[PDB]
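Chemist: Give me coordinates for this.
(chains A, B, C, D, E, F and G)
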Amino acid sequence: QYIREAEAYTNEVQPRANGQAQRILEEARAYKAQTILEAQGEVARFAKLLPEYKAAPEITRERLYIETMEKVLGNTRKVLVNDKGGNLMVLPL
Amino acid sequence: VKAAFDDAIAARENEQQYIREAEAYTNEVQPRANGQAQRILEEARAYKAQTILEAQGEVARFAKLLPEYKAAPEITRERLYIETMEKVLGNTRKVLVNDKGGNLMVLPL
Amino acid sequence: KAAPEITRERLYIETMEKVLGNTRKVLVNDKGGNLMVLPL
Amino acid sequence: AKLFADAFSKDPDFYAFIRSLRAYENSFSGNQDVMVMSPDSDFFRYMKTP
Amino acid sequence: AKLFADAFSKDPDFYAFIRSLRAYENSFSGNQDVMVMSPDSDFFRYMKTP
Amino acid sequence: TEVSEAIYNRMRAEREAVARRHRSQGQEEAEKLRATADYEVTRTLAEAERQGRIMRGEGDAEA
Amino acid sequence: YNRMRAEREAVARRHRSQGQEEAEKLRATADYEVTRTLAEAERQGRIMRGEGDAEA
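Modeler: Residues are numbered from 1 along each chain as shown, chains lettered A, B, ... in the order given. I have put the structure below:
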């Protein structure tokens, strides 16, 4: 009984892992496809942008810089206190 | 032992049904994906149009404003400056402690 | 070997972005010489 | 890798600028961060009366 | 070990770069740590006005 | 007996897939229609916003 | 009789295993295809977004 009982158990797991193993592979393949595709799009978007910048680098750098800063600054807490007083406590949690 | 006999015949049939479920899943999730694709794509089209239209409007405002500034730069600078500053100063907790004051504590909750 | 500079920078920024975005940050001026950890 | 390298092998400095800015936004996205800036900083150079 | 050694032996410096970066992600993953950076840091060199 | 009982279960599953396909297919078509509709809506909304900015800028310049 | 019953059930499990294994494999490949279609669509959107940025 035990022999046959454990024999069936071993038999059972064997195809079970096969499906899992094949699934794992499929998942990896999907990641690969997405990565390649994402690269292309980013490259494409970058490419177009580039000639524009070549015309006005100073203005382009300024605008983009202000846009980014504004976003991050708008979310994070700010202080804007004289750096001369180089003593501070963080009091974290 | 007769009970086990019919169970094995049922197993073969149970194999074929599971396939149909997976098949239906593939024939149901794939169309869904196609619909989700045309949604994000349409959204991108809007984005392009939106920024273009918004840019145009902002440009126009700048154009008009520009000669006015060229006439009285200092007066325009002071007005715009005070107006902007007043807004930020009235939306934040100011301190105004003299230069002398040194070490402080942020107290971030 | 073809483009070491470009790929090295990408990896750095990529990795950095992840860790930076998943951890608390201060960004206080380097001049600062006092700070209190206050751990559990 | 190849793709990115080629695409950016024409203007590396500009790529660093854009990519760096993107990282910042995604890094400080969360509202659990503090930025102790100074008023004498270059970015806030327009907060001083003209 | 044998396998790893020969592979990385080709480029020892490059292996340190990727491996070290990987470790950071796997180490700082948790949200129970802090990183007290500065604005003068080389990573934030682009945070200053162009 | 048992054979026929399990044969009926298999036939029902085939019908479900066919019906599921139809319903799913219809949803896809509807999704695309809504997608383009939203785009046009945004376009019109953004078009008006551009006209508004012009007006706003004119007033400011006059002031 | 007890021994015959035990071997008969093993064949039943094999069938189930196969079916379950086949179902998993089918769902796995289908997920990959869906991911590909969604990724392709997302790549086209970036291009559209870039045009606006460049024009802007």
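Chemist: When you work out contacts or count neighbours from here on, use the C-alpha atoms and nothing else.
Modeler: Noted.
Chemist: Spell out which residues of chain F are next to chain B.
Modeler: F:2-3, F:6-7, F:9-10, F:13-14, F:16-18, F:20-21, F:24-25, F:27-29, F:31-32, F:35-36, F:39-40, F:42-43, F:46-47, F:49-54, F:56-58, F:60-61 (C-alpha under 8 Å from any C-alpha of the partner chain).
Chemist: What subset of the residues you listed is buried?
Modeler: F:6, F:10, F:13-14, F:17, F:20-21, F:24-25, F:28, F:31-32, F:35-36, F:39, F:42-43, F:46-47, F:49-50, F:53-54, F:57-58, F:61 (16 or more other C-alpha atoms under 10 Å in any protein chain shown).
Chemist: Indicate the residue of chain F located nearest to chain E.
Modeler: Taking C-alpha to the nearest C-alpha as the measure, chain F has residue F:57 as its residue closest to chain E, at 27.9 Å.
Chemist: What spatial separation is found between that residue and chain A?
Modeler: 20 Å (C-alpha to the nearest C-alpha, to the nearest Å).
Chemist: and the helix or strand hosting that residue, what does it pack onto?
Modeler: Residue F:57 is part of helix F:2-62 when elements are defined by DSSP states H and E. For helix F:2-62, the packing partners by 3 or more C-alpha pairs under 8 Å, 6 or more residues apart in numbering or on different chains; DSSP states H and E come out as helix B:2-71.
Chemist: Tell me what angle the helix it packs on forms with helix F:2-62.
Modeler: Here helix B:2-71 points in a direction 10 degrees away from that of helix F:2-62 (axes from the mean of the first three to the mean of the last three C-alpha atoms, to 10 degrees).
Chemist: distance between helix B:2-71 and the chain's centre?
Modeler: Its chain's C-alpha centre and that of helix B:2-71 lie 16 Å apart, by C-alpha atoms, centre = their mean, to the nearest Å.
Chemist: All the helices of chain D, in order from the start?
Modeler: For chain D, the helices defined by DSSP state H cover D:2-8, D:12-27.
Chemist: In contact with the residue of chain D found nearest chain C, which residues?
Modeler: When scored by C-alpha to the nearest C-alpha, chain D has residue D:27 as its residue closest to chain C, at 3.7 Å. Neighbouring residues of residue D:27 by C-alpha atoms under 8 Å, 6 or more residues apart in numbering or on different chains: C:17, C:18, C:20, C:21, C:22.
Chemist: hmm, 10 Å instead?
Modeler: A:72, C:16-25, D:21, D:33 (C-alpha atoms under 10 Å, 6 or more residues apart in numbering or on different chains).
Chemist: swap in residue D:40?
Modeler: A:80, A:81, A:82, A:83, D:46, D:47, D:48.
Chemist: likewise residue F:23?
Modeler: Contacts of residue F:23 by C-alpha under 10 Å, 6+ apart are B:28, F:17.
Chemist: Enumerate every residue touching residue 59.
Modeler: Reading this off chain A. A:53, A:65, E:50.
Chemist: meant chain F actually
Modeler: Residue F:59 neighbours (C-alpha under 10 Å, 6+ apart): B:61, B:64, B:65, F:53.
Chemist: Up against chain D, what does chain A have?
Modeler: A:36, A:39-40, A:42-44, A:46-47, A:50, A:53, A:57, A:61, A:64-84, A:88, A:90 (C-alpha under 10 Å from any C-alpha of the partner chain).
Chemist: of those, list those near chain B.
Modeler: Among the residues of chain A next to chain D, proximity to chain B is found for A:77, A:79, A:81, A:82, A:83, A:84, A:88, A:90 (C-alpha under 10 Å from any C-alpha).
Chemist: Tally up the residues packed near the fourth one, please.
Modeler: So the one you mean is residue A:82. Residue A:82 is flanked by 16 other residues according to other C-alpha atoms under 10 Å in any protein chain shown.
Chemist: so it makes contact with residue A:88?
Modeler: No - using C-alpha atoms under 10 Å, residue A:82 makes no contact with residue A:88, being 11.6 Å away.
Chemist: Name the residues contacting each of those two.
Modeler: Here residue A:82 and residue A:88 have B:102, D:36 as joint contacts, going by C-alpha under 10 Å, 6+ apart.
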